[PDB]
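# Reading the structure
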Amino acid sequence: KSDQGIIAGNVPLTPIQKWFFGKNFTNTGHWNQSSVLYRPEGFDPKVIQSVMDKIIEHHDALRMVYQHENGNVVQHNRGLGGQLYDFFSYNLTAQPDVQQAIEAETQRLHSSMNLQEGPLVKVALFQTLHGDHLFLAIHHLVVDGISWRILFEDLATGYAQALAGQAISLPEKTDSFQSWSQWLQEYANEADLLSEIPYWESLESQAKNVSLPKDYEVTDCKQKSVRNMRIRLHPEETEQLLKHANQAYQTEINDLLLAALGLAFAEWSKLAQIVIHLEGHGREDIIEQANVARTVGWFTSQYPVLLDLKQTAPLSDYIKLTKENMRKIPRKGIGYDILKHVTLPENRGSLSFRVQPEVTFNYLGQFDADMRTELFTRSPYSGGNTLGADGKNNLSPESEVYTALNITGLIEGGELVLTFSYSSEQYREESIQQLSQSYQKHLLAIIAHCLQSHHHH
Ligand code: NA
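Each value, and the rule that gives it
- Residues numbered from 1 in each chain as written, not as in the entry; some residues may be left out.
- Heavy atoms only, no water.
- Residues with missing side-chain atoms left out of burial classes, pairs and counts.
- Buried < 20%, exposed > 50% of the residue type's maximum accessible area, 1.4 Å probe, protein only.
- Helix = DSSP H or I, 4+ residues; strand = E, 2+ residues; numbered from the N terminus.
- Contact = heavy atoms within 4.5 Å.
- Core = buried A, V, L, I, M, F, W, Y, C linked by side-chain atoms within 4.5 Å.
- Domains from an automatic or database assignment.
- Buried area = accessible area lost by both parts, 1.4 Å probe.
- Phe/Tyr/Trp six-rings, centres within 6.5 Å; stacked < 30°, edge-to-face > 60°.
- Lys NZ or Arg CZ within 6 Å of the ring centre and 35° of its normal.
- Pairing = 2+ DSSP bridges.
- Axes fitted to C-alpha atoms, helices over the stretch in contact; angles between N-to-C directions.

The record lists X-ray crystallography as the method behind this PDB entry and 1.50 Å as its resolution.

Those residues of helix α5 (residues 177–187) not exposed but buried are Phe-177, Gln-178, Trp-180, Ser-181, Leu-184 and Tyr-187. Contact partners of the buried residues in α5: β1 (9–10), α1 (15–23), β3 (64–67), β4 (74–77), α6 (191–194) and α11 (335–341).

Another point: the nonpolar core. Counting residues in hydrophobic clusters, the biggest one holds 121 residues, and the most contacted among them are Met-52, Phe-265, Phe-361, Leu-405, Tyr-439 and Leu-443. For this core, the leading source of residues is helix α9 (residues 253–269), giving 12 residues. When residues of this core are sorted by domain, at least three fall in each of domain 1 (1–176) and domain 2 (177–457). With near-sequence residues (within four places) excluded, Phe-265 lies in contact with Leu-212, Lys-270, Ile-274, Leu-309, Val-359, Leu-405, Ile-407 and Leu-435. Core analysis: the next-biggest nonpolar cluster, separate from the first, contains 11 residues, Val-36, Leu-92, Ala-124 and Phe-135 among them.

With that settled, the discussion passes to the domain arrangement of the protein. Taken as a whole, the protein is organised into domain 1 (1–176) and domain 2 (177–457). Centre-to-centre separation of domain 1 and domain 2, based on C-alpha positions: 27 Å. The interface of domain 1 with domain 2 comprises 68 residues on the first partner and 54 residues on the second. Summed over both partners, the interface of domain 1 with domain 2 comes to about 5,300 Å²; 58% of that surface belongs to carbon and sulfur atoms. Of all residues in domain 1, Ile-16, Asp-175 and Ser-176 give up the largest surface area on contact with domain 2, accounting jointly for 12% of the area buried on that side.

The next subject is the side chain of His-277. Inspection of the secondary structure assignment puts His-277 in strand β9 (residues 273–280). Those residues within four positions of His-277 in sequence are excluded, and the remaining contacts are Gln-302, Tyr-303, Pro-357, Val-359, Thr-360 and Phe-361.

All told, the structure shown has 24 aromatic pairs when counted by the stated rule. For the ring pair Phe-20 and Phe-21, a centre distance of 5.3 Å and an interplane angle of 80° mean the geometry is edge-to-face. The pair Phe-20 / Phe-21 is uniform in exposure class, with both members buried. When the centroid spacing of 5.7 Å and the interplanar angle of 85° are considered together, the rings of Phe-43 and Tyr-159 count as edge-to-face. Placement of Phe-43 in the loop between β2 (32–39) and α2 (45–58) and of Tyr-159 in helix α4 (residues 145–163) is noted, with a sequence separation of 116 residues between them. Assigned by exposure class, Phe-43 and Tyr-159 land together as buried. Each member of the aromatic cluster is reached from another via a ring pair, and the members are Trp-19, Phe-20, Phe-21, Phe-25, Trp-31, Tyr-66, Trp-298 and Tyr-402. Across from the ring centre of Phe-88, 5.5 Å away, lies the NZ or CZ of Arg-108, which sits over that ring.

Let's shift gears to the sheet that holds β4. Overall, antiparallel pairing links the 3 strands, which are arranged β1-β4-β3 in an open sheet. Each of the sheet's edge strands pairs with one partner strand only, and the pair in question is β1 and β3.

Taken together, 6 strands build an open sheet; the order of strands is β8-β14-β13-β11-β9-β10 and the sheet is mixed. Among the strands making up the open sheet, the edge pair consists of β8 (226–232) and β10 (301–308). This sheet shows a mean twist of 25° between the axes of neighbouring strands, independent of strand direction. The sheet contact formed by strand β11 (residues 359–366) and strand β13 (residues 405–412) spans 6 bridges and is parallel. Bridge pairing in β13 links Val-359 to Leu-405. Contacts from α9 reach β9, β10, β11, β13 and β14 (415–423), with the element oriented near 145° to β11.

Take a look at the structure:
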């Protein structure tokens, strides 16, 4: 029932895309996501090209191009017939240092996106004596985490079909990114979204907008200055957090992690309140009968949450209030950025959008999009090519830092691992050691409290 035909033509910018162009990043064409896959049997360049041809024909948004001269951004979905992706194949069988070759070339390709003409997809095959490595980089304008899951699924499906001598045949298309974006433009001025204005107005009015404290005053810090500091919970405490701690107050893991975040910022920053940038997948059921379940694009939603850091006691009430705070947000928070970037000024009430969070928090769950098929797995030579916090190759070193503290959590090897990413221009390493140790302490206290509370009741 969704459009199975070729999608082409102009596409309105969605909120996160308007955010992106509004930043006017240095080296705007180098702002990507990437991955490296490994197949011990080896990959065939001819099969890879056949499957990628079908993938990019099928997932129309990957054919997007962007004009932006004098700030006049035009997003256009190309039809078929042009360059669908850039493909390179390398014989590394003679090389002593395969890792060096892969990092150099993946970095070269990351820096080679032509936004105006495309393609926005780079593919490189590295053949070795011990299996082959397949690099993919895609500009972020046309992709997101869920989209990568879809792409890995379809790559596995098409490759298996090719190996079996069968025609490549992907799942039916869901609704186009073009159509989705057009529908969002309509939604932006309709009654359901406008009904949220009092909520968002209340948030803005409560937001004090006090500077997140930094160690040093610096302007135009760049990605090259960013450092990552990691803490983790052992498997025992991770399992308690995932499978037992939520019973006390019937929470989700994110509620407890956000509660910990408030406690840590209360201790470390001494602020009375803090606004945090959260993210949603953005594929919410806001458009009647829309279906973007297998649609490739940048759907990600960003929204603010206000944490009260004054009233952190008793811990029981603080956890319950954090849960309640999260439950009261309308429509998983998708509305605020639509109001900000798309809604007509006349429809936006008294919203001023002065809320500019410097802290982002994202809990990503389990780490495994690239590891569901027997055909390939995550490459041990992935290096700086990832979809997450360790993807040092994804952004230009001269790209501007856009968040002071980017905090991400994920489960790897049965352990919760939290990464605190910051600019070394703005903070001493010791300051972030203090924050991350505070976070760890408060999260452990929350887990202990929840286990005892559920015993008590
Ligand atoms: Na989140």
